[PDB]
Amino acid sequence: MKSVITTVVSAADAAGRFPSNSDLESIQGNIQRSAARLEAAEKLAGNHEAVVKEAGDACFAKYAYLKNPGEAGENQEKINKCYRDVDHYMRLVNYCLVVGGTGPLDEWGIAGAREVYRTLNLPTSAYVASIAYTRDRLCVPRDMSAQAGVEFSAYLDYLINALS
Amino acid sequence: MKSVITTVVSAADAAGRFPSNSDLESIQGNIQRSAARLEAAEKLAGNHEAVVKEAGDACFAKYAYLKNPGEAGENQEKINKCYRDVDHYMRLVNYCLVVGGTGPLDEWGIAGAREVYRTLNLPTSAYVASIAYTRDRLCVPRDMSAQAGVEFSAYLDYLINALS
Amino acid sequence: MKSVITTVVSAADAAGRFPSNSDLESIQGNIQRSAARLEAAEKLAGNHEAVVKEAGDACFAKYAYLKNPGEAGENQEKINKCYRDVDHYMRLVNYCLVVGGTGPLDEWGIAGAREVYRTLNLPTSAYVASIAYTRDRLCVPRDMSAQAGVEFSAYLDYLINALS
Amino acid sequence: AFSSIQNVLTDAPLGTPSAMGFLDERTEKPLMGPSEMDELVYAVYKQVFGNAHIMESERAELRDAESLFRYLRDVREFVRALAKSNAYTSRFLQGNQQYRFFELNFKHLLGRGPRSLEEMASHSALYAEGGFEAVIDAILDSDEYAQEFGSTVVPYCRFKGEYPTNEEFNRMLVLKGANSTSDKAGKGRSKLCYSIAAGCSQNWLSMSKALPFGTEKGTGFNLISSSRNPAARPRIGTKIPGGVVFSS
Amino acid sequence: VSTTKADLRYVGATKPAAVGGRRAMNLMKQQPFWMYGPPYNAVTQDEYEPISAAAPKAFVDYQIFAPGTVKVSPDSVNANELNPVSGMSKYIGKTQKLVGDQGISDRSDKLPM
Amino acid sequence: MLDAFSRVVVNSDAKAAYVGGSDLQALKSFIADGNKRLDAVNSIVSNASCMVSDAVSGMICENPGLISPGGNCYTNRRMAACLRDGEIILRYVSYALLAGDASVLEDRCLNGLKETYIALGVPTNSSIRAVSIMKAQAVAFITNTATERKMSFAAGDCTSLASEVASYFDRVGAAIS
Amino acid sequence: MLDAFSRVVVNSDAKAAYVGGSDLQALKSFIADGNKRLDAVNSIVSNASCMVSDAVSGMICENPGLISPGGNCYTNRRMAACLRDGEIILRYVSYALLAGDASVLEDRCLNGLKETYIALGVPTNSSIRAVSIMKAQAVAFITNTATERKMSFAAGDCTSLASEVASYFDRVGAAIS
Amino acid sequence: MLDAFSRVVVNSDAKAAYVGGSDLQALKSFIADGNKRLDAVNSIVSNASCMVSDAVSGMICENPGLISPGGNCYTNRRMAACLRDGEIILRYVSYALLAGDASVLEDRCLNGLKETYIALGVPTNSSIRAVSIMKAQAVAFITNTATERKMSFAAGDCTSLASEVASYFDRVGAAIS
Ligand SMILES: *[C@@H](C)[C@H]1/C(=C/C2=NC(=C\c3[nH]c(C[C@H]4NC(=O)C(C=C)=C4C)c(C)c3CCC(=O)O)/C(CCC(=O)O)=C2C)NC(=O)[C@@H]1C
Ligand SMILES: *[C@@H](C)[C@H]1/C(=C/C2=NC(=C\c3[nH]c(C[C@H]4NC(=O)C(C=C)=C4C)c(C)c3CCC(=O)O)/C(CCC(=O)O)=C2C)NC(=O)[C@@H]1C
Ligand SMILES: *[C@@H](C)[C@H]1/C(=C/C2=NC(=C\c3[nH]c(C[C@H]4NC(=O)C(C=C)=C4C)c(C)c3CCC(=O)O)/C(CCC(=O)O)=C2C)NC(=O)[C@@H]1C
Ligand SMILES: *[C@@H](C)[C@H]1/C(=C/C2=NC(=C\c3[nH]c(C[C@H]4NC(=O)C(C=C)=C4C)c(C)c3CCC(=O)O)/C(CCC(=O)O)=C2C)NC(=O)[C@@H]1C
Ligand SMILES: *[C@H](C)[C@H]1/C(=C/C2=NC(=C\c3[nH]c(C[C@H]4NC(=O)C(C=C)=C4C)c(C)c3CCC(=O)O)/C(CCC(=O)O)=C2C)NC(=O)[C@@H]1C
Ligand SMILES: *[C@H](C)[C@H]1/C(=C/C2=NC(=C\c3[nH]c(C[C@H]4NC(=O)C(C=C)=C4C)c(C)c3CCC(=O)O)/C(CCC(=O)O)=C2C)NC(=O)[C@@H]1C
Ligand SMILES: *[C@H](C)[C@H]1/C(=C/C2=NC(=C\c3[nH]c(C[C@H]4NC(=O)C(C=C)=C4C)c(C)c3CCC(=O)O)/C(CCC(=O)O)=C2C)NC(=O)[C@@H]1C
Ligand SMILES: *[C@H](C)[C@H]1/C(=C/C2=NC(=C\c3[nH]c(C[C@H]4NC(=O)C(C=C)=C4C)c(C)c3CCC(=O)O)/C(CCC(=O)O)=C2C)NC(=O)[C@@H]1C
Ligand SMILES: *[C@H](C)[C@H]1/C(=C/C2=NC(=C\c3[nH]c(C[C@H]4NC(=O)C(C=C)=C4C)c(C)c3CCC(=O)O)/C(CCC(=O)O)=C2C)NC(=O)[C@@H]1C
Ligand SMILES: *[C@H](C)[C@H]1/C(=C/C2=NC(=C\c3[nH]c(C[C@H]4NC(=O)C(C=C)=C4C)c(C)c3CCC(=O)O)/C(CCC(=O)O)=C2C)NC(=O)[C@@H]1C
Ligand SMILES: C=CC1=C(C)[C@@H](Cc2[nH]c(/C=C3N=C(/C=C4\NC(=O)[C@H](C)[C@H]4CC)C(C)=C\3CCC(=O)O)c(CCC(=O)O)c2C)NC1=O
Ligand SMILES: C=CC1=C(C)[C@@H](Cc2[nH]c(/C=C3N=C(/C=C4\NC(=O)[C@H](C)[C@H]4CC)C(C)=C\3CCC(=O)O)c(CCC(=O)O)c2C)NC1=O
Ligand SMILES: C=CC1=C(C)[C@@H](Cc2[nH]c(/C=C3N=C(/C=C4\NC(=O)[C@H](C)[C@H]4CC)C(C)=C\3CCC(=O)O)c(CCC(=O)O)c2C)NC1=O
Ligand SMILES: C=CC1=C(C)[C@@H](Cc2[nH]c(/C=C3N=C(/C=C4\NC(=O)[C@H](C)[C@H]4CC)C(C)=C\3CCC(=O)O)c(CCC(=O)O)c2C)NC1=O
């Protein structure tokens, strides 16, 4: 997992040295910003089955052709596999808000994703349209605080640039 | 180019030897097979504007969503670049029947294509639906002969399996 | 899409009722008058090139003034757009004979046509003269059956009435 | 004033037979009779209350306004009698905010959404001088209610084409939801409240859920942001023969 | 391995344009069909001629003639043959210059004027 | 909404094609056994009062914590609104069996339903069981394999009509899942 | 809404100033050239029906996939709604040229227009092209350099009204992009 | 590789002085703006894939000879490398904006890029023309005046971070000249 802790340890393990004053100075930033990204995480955790319903409808709104006979949303057992795979991505954003870095999105959502979606004829632009809808349906003091939305919409922008 | 000549020359260059009796035996296969694959390359080079334009709108007959806003077939320039990019692929299949291998398709059409059709958001299943339409349009006694259509379709689904 | 089925359940939904025993009789008329309006429709499908070639030059034999500078058919794509717009209209006449009501005409051909054709100076009397030419071109034992000519010449002068 | 959705993709609006029964000497209306009378009452209960699905012992307190509706066949008087009921204030006034009550009066009685903060603040200026019945009778006795509905038809959600603001069509599409929705699902809080007082707009997926069948509900969304940036000044230039002119 | 038809065309492009006239543009060649459209905008040889700038103030009235003596033929009577689901049409619009012919013409028929 | 004839029209208008002779052998074979569509929609709405009552009463007997306080169909105003929601679900299925297409089921019923059943606290995992009880009862009326109410029919099969309506109950059963 | 005189007094209200003779020399030249502002707007509303239909059909010319099956100017239903919309846009920029301030175009017409178009499916790149044709044909009527239709004016420059109305047409593209 | 703090120590080591006094007061105001710099690096990394595909496409629409047969961006192997060559430049500028010092940009990306491009046959006129597009995008995202997307920040002024990010992008164009 890419985090604040695993970055300064691996930078010192590869050099063979002890945790110095600059390595402890960056864990202080894990304390000054844990408050904002953890109440962005429990807001997402308590209201996740309503968000992935609203997000997964935005890919079947723009790309309505997927329910035609032949495409990836052809029958019913393939439609809930799209809502399952969007709930996978919202669950991994909750993990990156807990850990403090893009680790659970890298190791579990992004690495090997483009090889899988190309082999199974899944368009990556509709795993994106459900994510980009969640990013601009976010109001600044209503859904969370000011700095909780900066953190939450930065892991959504990370997943958008990684699928494109 | 990956060919019959350039394969057996590179194999005998890495080993550091002269053209053996088995390296001349491969170019004899290039003689007995050239009759079929030059008939397909001449049938294609005479009627290419009618084959490209028949397959260019077989993309939009399957995927009518490409004229929606923000898509890849919005305006006149984007369909001019789409009929161009299909005509590029049919030129490279004409180049592969002439050379005798998958050389020009690999270096000029396939390498780097996954990173361009994802960055520019061109749906790669629509650079396929035009190629798959041409492979099933071919009548095996009408346009070419039997073995000329075997060679024509085998380079046509090499491109399909390389985009999928 | 005013059909026989899409009116008896748009009234069963407007009062919150079940499929009534009234409305199971209105689809028993869909079984009786089908075989005159399907056989009028299938006659139009294998003959459509010949009936819209004859209907389109009934406009231009009558109205020679349309090639004047500034009129409706003043150049060759306007003649091509004139024969398109009577190929569209009798395609909708073929559609109305399948679903049994005037639904495909007044959703796709008639609604808007007062406002479109006024703004572009396309005359209504030239659109009428093409459709009223083929209303009395129909020969009731020769072309189709006796009652099949009733169905085909019901949607024709529905379009002559709604345009005029 | 053409409006390509209205009588094409939706249904036709319901109502009484004509408005010439008022001028008749020996009647009050073309009399419907109790099969084509009560199915007009089914569309006033579905429109004024939302899809609230009032029960048999909640319909039993509206017997006096129905029995007058089958004598005077005025539809404006039936809507006025149903908005002063207990069954209208126990659903839309009792557990809601003030701009939630106001934005449902525009839905249930006009078929549109409010166009302004100045139009909305004058509805609270009538609350101070007569309570909630001063809001309800000023909507009903307005000029906008007269020249769209009259005494004749139920107040339906009308696709006009020539809206006086473009934002008025947007707030109409958020307020009217899909079929089988209601007006109790958000817990009292007003949907349009942030966008009226700030001057912003709505969310495209919430509007396109309520569009009729056959309208390309939701396509056109680029995968970037859904609203506009007011601070951006773009360079839009036109080609002339010599160069490119930025008439800014 | 040249041909007689190719060398009779290119030899008119060696005179000066004060002498050769329309034959000064005889070195240009036929390109693919997509080359004539919106990013590329290649010029055909007909646009260098005075036939491409013909716009007279006079006009034929067409009501002078007897009925029966004005003829009109279309190019097709089929809607998806005149305009497909894409915008690539030979007949309607701005995409009728996207064709594999008509980049070059015959201006060696007449004269060097 | 589109019925089963207007579905074939909007497929061919995408091609801009006339409805030829190949599609009309699926529409002459719609109206050939088209008596049986009328002869089996009648045997849902004749028993549809009993069908909504046995649906939700079997929803109680497998999730008995619905009538506990805190449960959703606890009191009398909620047990009545649960009973009419099975009426509306059964009504728009019987439209779609009459029409041959699920267009009137999806636009006028299922659009926005799971969005609002989480907004009212309706437990959708036991609302699926409410649908699927009356799914099983409807397909044995059409097959005429019920224990009571042996309605007299004509001899043949309605094995495809029993499975077309089972696809309609699985459309609502997947929408609120 | 505001006009060109109301825009000055809301600037002075932020500083609680008086509109004095330093600020008044922009408003004394708005009335000095005020004949030419009127003389330019009946150069536009006298040609407004030709201006809309040329701009919409000139957008069909550069993009013929708008009138094929699947275009959003396909039938008569969709083409009359496109012709209505370009008349609404040209109406609100004639109000804004008359006032001398783009307030009424920006709150009534353009506010919320981007969200209508991404819910109805309207292509916005070609919609910008119909506005940009009628921008280019509006500066030709004002400076009297149109190829047909010479109107009868008096002599001088109207070159600052022609670029004022070109900035009002540029706000329509910036609000739906 | 120096950051902004390592530069004021190297300058103080040359004269063998302790850091203190006036240059300690210039360092306390560099960290007072340290949240604006952290707010603004995030506003570029978040839009980094659209910034590259728009700058490479905008270099192509100006010079369509790059996508002709024989152009440098012609084949798919060469189109994917220009999209890669152009986002490494944006990535190394974002390091220099985070560090506040262009040392890592100048030696890990710019030292020898001109000799590399004129050895592979890459037109350095067009590379400058794509870098100057990415300059206009980065000043628009930092000052929050993008026409395509508006971000959320606290209120205030960040015109010194736009002057700094324009100096880094001008240095990329001057280096590969
Ligand atoms: C609807 C949103 C989409 C669409 C989606 C589909 N995705 C499908 C399968 C799929 N998704 C993933 C990634 C997901 N699984 C994980 O374990 C994790 C991380 C922990 C993630 C993000 C994988 C690996 C797979 C393949 C295996 C599987 O079936 O789950 C999928 C099923 C494809 C199939 O079964 O053939 C669909 C339908 N498809 C659409 O129509 C739009 C594009
Ligand atoms: C109505 C005919 C007016 C009138 C209007 C003007 N139009 C002007 C320019 C213009 N018109 C078009 C559309 C036209 N070109 C096409 O290629 C097609 C078909 C595909 C059509 C219908 C375009 C594209 C333009 C130029 C705009 C641009 O360059 O982007 C115009 C400007 C000056 C001029 O040409 O006259 C005017 C005034 N002209 C009239 O006189 C009547 C009153
Ligand atoms: C630029 C658009 C023209 C041009 C314009 C000029 N118009 C000038 C004066 C002018 N125009 C009108 C008619 C106008 N005023 C009205 O009050 C009304 C309607 C109620 C209209 C349509 C008038 C009355 C005048 C004033 C002169 C007179 O009274 O005869 C003008 C003179 C400058 C000025 O006095 O403001 C100019 C330059 N002339 C052009 O060459 C371009 C094409
Ligand atoms: C990516 C989708 C971002 C985004 C990036 C921005 N681009 C901005 C300006 C800009 N873009 C281009 C290229 C474009 N113009 C063309 O003529 C062609 C094709 C021929 C293309 C692809 C140019 C030339 C410019 C202007 C450079 C200049 O000003 O000299 C820009 C600036 C402000 C704004 O547009 O709001 C940005 C932010 N824009 C987006 O909305 C998404 C997030
Ligand atoms: C913000 C500047 C606007 C504003 C927008 C509205 N949002 C509305 C509802 C809503 N929004 C979300 C997404 C957001 N909330 C979350 O809890 C999470 C994840 C943890 C996210 C991304 C959801 C899920 C919902 C529906 C739930 C609900 O009923 O609130 C909303 C109501 C209308 C609607 O969209 O249905 C508005 C108006 N609100 C404002 O006041 C400013 C102007
Ligand atoms: C064989 C399956 C059938 C048959 C099919 C028909 N093909 C028709 C036209 C046609 N086919 C092609 C593809 C083929 N010809 C080529 O030159 C090349 C590649 C160089 C290929 C793959 C084309 C391009 C065309 C259009 C030109 C033409 O032949 O007119 C055809 C006529 C109808 C149509 O337009 O598609 C038929 C019926 N024909 C047969 O006889 C056997 C049974
Ligand atoms: C031939 C009998 C006419 C004539 C007709 C012209 N029609 C022109 C355009 C046109 N036609 C329609 C209606 C048509 N389009 C549809 O999509 C459908 C139904 C599916 C129908 C019936 C429309 C909407 C349009 C305008 C848009 C377009 O170009 O496609 C037309 C060109 C208009 C122009 O000149 O600007 C002509 C010339 N011409 C004749 O002489 C007789 C009257
Ligand atoms: C039963 C004791 C009588 C009888 C009663 C009928 N009354 C009918 C209609 C009716 N009744 C009233 C009076 C009542 N309803 C009110 O709303 C108010 C004031 C709040 C009062 C005092 C009215 C106003 C109406 C007309 C409204 C309506 O049409 O229902 C009635 C139906 C007749 C009809 O349908 O036209 C009956 C049968 N009639 C009897 O024979 C016994 C003696
Ligand atoms: C009309 C009454 C005739 C007729 C005329 C046609 N002329 C065609 C082309 C053409 N005409 C000229 C002569 C013209 N150009 C000049 O410079 C002068 C005098 C100084 C004159 C009289 C030339 C040189 C050309 C060729 C140049 C060009 O094509 O632009 C023409 C086109 C024919 C074609 O290309 O197919 C026609 C139809 N034709 C008639 O039937 C009547 C008798
Ligand atoms: C034509 C240049 C466009 C285009 C236009 C379409 N617009 C459609 C509907 C529509 N447009 C508006 C906005 C307009 N009405 C207003 O009141 C105001 C501001 C005062 C404006 C700018 C609205 C509000 C609506 C919906 C209301 C209604 O029509 O009932 C439309 C119909 C879509 C459909 O049938 O589903 C079209 C086709 N589309 C184009 O492709 C060109 C670019
Ligand atoms: C046309 C579309 C359409 C529908 C499908 C129904 C859907 C629906 N149901 C309810 C409302 C309800 N729905 C249920 C239903 C259930 N709870 C359970 O325990 C069971 C699992 C399940 C059915 C047996 C209950 C109990 C309520 C009442 C909730 C309440 O009173 O607030 C409401 C809110 C109505 C209101 O009070 O304003 C709506 C819109 N109505 C419609 O208009
Ligand atoms: C917890 C308490 C409890 C109940 C209330 C009943 C409820 C109930 N009844 C049936 C089962 C049934 N319900 C009917 C319907 C009817 N039968 C008739 O005689 C009438 C004509 C008509 C309306 C009453 C039929 C015919 C069956 C038998 C299965 C079938 O033939 O479809 C089923 C089976 C559905 C399934 O398998 O999913 C259940 C759960 N059972 C219970 O365990
Ligand atoms: C107005 C209301 C109205 C109706 C209710 C129906 C009534 C009805 N049903 C059938 C006719 C029929 N009904 C059945 C159906 C069945 N037989 C079985 O044994 C199965 C259990 C069951 C399947 C659901 C069959 C098999 C026929 C005859 C074949 C056919 O024409 O479909 C017939 C044709 C007469 C006949 O063929 O005998 C009629 C008029 N039609 C209407 O117009
Ligand atoms: C690790 C993640 C991390 C971040 C993403 C940043 C996020 C961030 N930015 C700012 C804070 C700010 N950010 C800006 C920046 C801007 N305002 C504008 O108007 C311009 C558009 C834009 C660039 C100039 C301004 C002006 C402030 C106010 C405080 C200041 O002046 O430093 C603040 C402090 C104010 C607050 O607590 O809300 C924080 C935490 N910091 C972090 O630690």
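Per chain, numbering begins at 1; letters A, B, ... match sequence-line order.
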Tell me whether F:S53 contacts the main-chain N or O of F:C50 through its side chain, where contact means a donor paired with an acceptor under 3.5 Å. yes
Applying salt bridge (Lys or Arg N to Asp or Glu O under 4.0 Å) to D:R112 and not counting sequence neighbours gives D:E119, D:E144
Run the numbers on D:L40 and D:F69 for side-chain contact (heavy atoms from CB on, under 4.5 Å), then give the verdict. CA-CA 10 Å; D:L40 175 55; D:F69 184 49; 4.0 Å; yes
Let me see the working for F:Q137 and F:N47 under side-chain contact (heavy atoms from CB on, under 4.5 Å), right down to the final yes or no. CA-CA 10 Å; F:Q137 300 190 293; F:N47 302 314; over 6 Å; no
Does C:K2 NZ have over 12 foreign heavy atoms under 6.0 Å away? no
Give the minimum heavy-atom separation between C:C96 and C:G103, together with the two atoms involved. SG-N, 4.4 Å
Contact check, side chains of F:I44 and F:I142, non-hydrogen atoms, under 4.5 Å: yes
Verify, without hydrogens or angle tests, whether F:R7 (side chain) and F:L2 (backbone) share a donor-acceptor contact under 3.5 angstrom. no
For C:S10 and F:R108, which heavy atoms make the closest approach, and how far apart are they? OG-NH2, 4.0 Å
For the side chain of C:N161 and the backbone of C:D157, is there at least one donor-acceptor N/O pair under 3.5 Å apart? yes
Student check: side-chain heavy atoms of D:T16 and D:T152 closer than 4.5 Å: yes
Check against side-chain contact (heavy atoms from CB on, under 4.5 Å), D:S180 and F:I88: CA-CA 9 Å; D:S180 75; F:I88 302 162; 5.8 Å; no
For F:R77, which residues count as a side chain to side chain donor-acceptor pair (under 3.5 Å) partner, sequence neighbours excluded? none
Any donor-acceptor pair under 3.5 Å from F:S43 side chain to F:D39 backbone: no
Side-chain donor-acceptor distances from residues 143-152 of chain F under 3.5 Å, at least two apart:
| unit_1 | atom_1 | unit_2 | atom_2 | d |
| --- | --- | --- | --- | --- |
| F:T143 | OG1 | F:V139 | O | 2.5 |
| F:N144 | ND2 | F:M151 | O | 2.7 |
| F:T145 | OG1 | F:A140 | O | 3.4 |
| F:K150 | NZ | F:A146 | O | 2.8 |

Do the non-hydrogen side-chain atoms of D:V153 and D:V75 ever get within less than 4.5 Å of each other? no
Using side chain to side chain donor-acceptor pair (under 3.5 Å) as the criterion, list what pairs up with D:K160, not counting sequence neighbours. D:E168
Using the salt bridge (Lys or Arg N to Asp or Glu O under 4.0 Å) rule, collect all pairs that involve residues 28-41 of chain D, keeping only residues at least two apart or in two chains. none
Tell me every residue that passes ring-ring contact (aromatic ring centres under 6.0 Å, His included) with A:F60, counting only those two or more places apart in sequence or in another chain. none
For the student: nearest non-hydrogen atoms of D:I5 and D:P212, plus distance: CG2-CG, 3.8 Å
Contact check, side chains of F:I31 and F:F5, non-hydrogen atoms, under 4.5 Å: yes
Between D:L109 and D:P155, is any pair of side-chain heavy atoms under 4.5 Å apart? no
Given D:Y156 and D:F149, is the ring pair (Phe, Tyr, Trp, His ring centres under 6.0 Å) satisfied, shown in steps? CA-CA 8 Å; D:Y156 68 105; D:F149 304 124; 5.7 Å; yes
For C:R17, look at atom CZ and say whether over 12 heavy atoms of other residues, nucleotides or ligands are found less than 6.0 Å away. no
Salt-bridge test for D:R63 and D:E66: reply yes if a basic N is under 4.0 Å from a carboxylate O, no otherwise. no
Report the residues that fulfil side chain to side chain donor-acceptor pair (under 3.5 Å) with C:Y95, sequence neighbours left out, ordered by chain and then residue number. C:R91
Does any part of the side chain of C:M1, heavy atoms only, come nearer than 4.5 Å to the side chain of F:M1, both counted from C-beta? no
Applying salt bridge (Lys or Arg N to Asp or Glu O under 4.0 Å), can you list everything that pairs with D:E216, at least two apart in sequence or on another chain? none
Do any N or O atoms from the side chain of F:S29 and from the backbone of F:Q25 form a donor-acceptor pair under 3.5 angstrom? no
Taking G:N76 for the side chain and C:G109 for the main chain, is one N or O donor matched with an acceptor at less than 3.5 Å? yes
Would you say the side chain of D:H108 lies within less than 4.5 Å of the side chain of D:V79, judging by non-hydrogen atoms? no
Going by the salt bridge (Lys or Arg N to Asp or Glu O under 4.0 Å) test, which pairs reach into residues 164-177 of chain F, not counting sequence neighbours? F:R37-F:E164, F:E106-F:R171, F:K135-F:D170
Side chains of D:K191 and D:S206, heavy atoms from C-beta outward: is any pair under 4.5 Å? no
Under a 3.5 Å distance rule, please check whether F:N111 uses its side chain to pair with a backbone N or O of D:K209 as donor and acceptor. yes
Looking at F:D107 and D:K217, does any basic side-chain N land under 4.0 Å from a carboxylate oxygen? yes
Output every pair passing salt bridge (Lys or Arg N to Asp or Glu O under 4.0 Å) with a member in residues 28-39 of chain C, not counting sequence neighbours, ordered by first then second residue. C:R33-C:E151
Tell me whether the count of non-hydrogen atoms from other residues, nucleotides or ligands lying under 6.0 Å of CG in A:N75 goes above 12. yes
Determine yes or no for a side-chain-to-main-chain donor-acceptor pair under 3.5 angstrom, with F:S127 supplying the side chain and F:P123 the backbone. no
Donor-acceptor check, side chain of F:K28 to backbone of C:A35, threshold 3.5 angstrom: yes or no? no
Step-by-step side chain to side chain donor-acceptor pair (under 3.5 Å) determination, F:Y117 to F:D85: CA-CA 11 Å; F:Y117 271 182; F:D85 279 14; 2.5 Å; yes
Please list all pairs passing the salt bridge (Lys or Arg N to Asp or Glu O under 4.0 Å) test where one or both residues lie in residues 87-96 of chain F, with sequence neighbours left out. C:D13-F:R91
With a cut-off of 6.0 Å (strictly less than), are more than 12 heavy atoms of other residues, nucleotides or ligands near CD of C:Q32? yes
Distance-only, no hydrogens or angles: does the C:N30 side chain make a donor-acceptor pair with backbone N or O of C:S26 under 3.5 Å? no
Regarding D:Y88 and D:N105, do their side chains bring together a donor and an acceptor under 3.5 Å, going by distance alone? yes
Hey, can you tell me if D:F49 and D:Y45 have their rings parallel, tilted or perpendicular (30° and 60° cut-offs)? tilted
Suppose we screen for side chain to side chain donor-acceptor pair (under 3.5 Å). Which residues come up paired with C:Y155, at least two apart in sequence or across chains? none
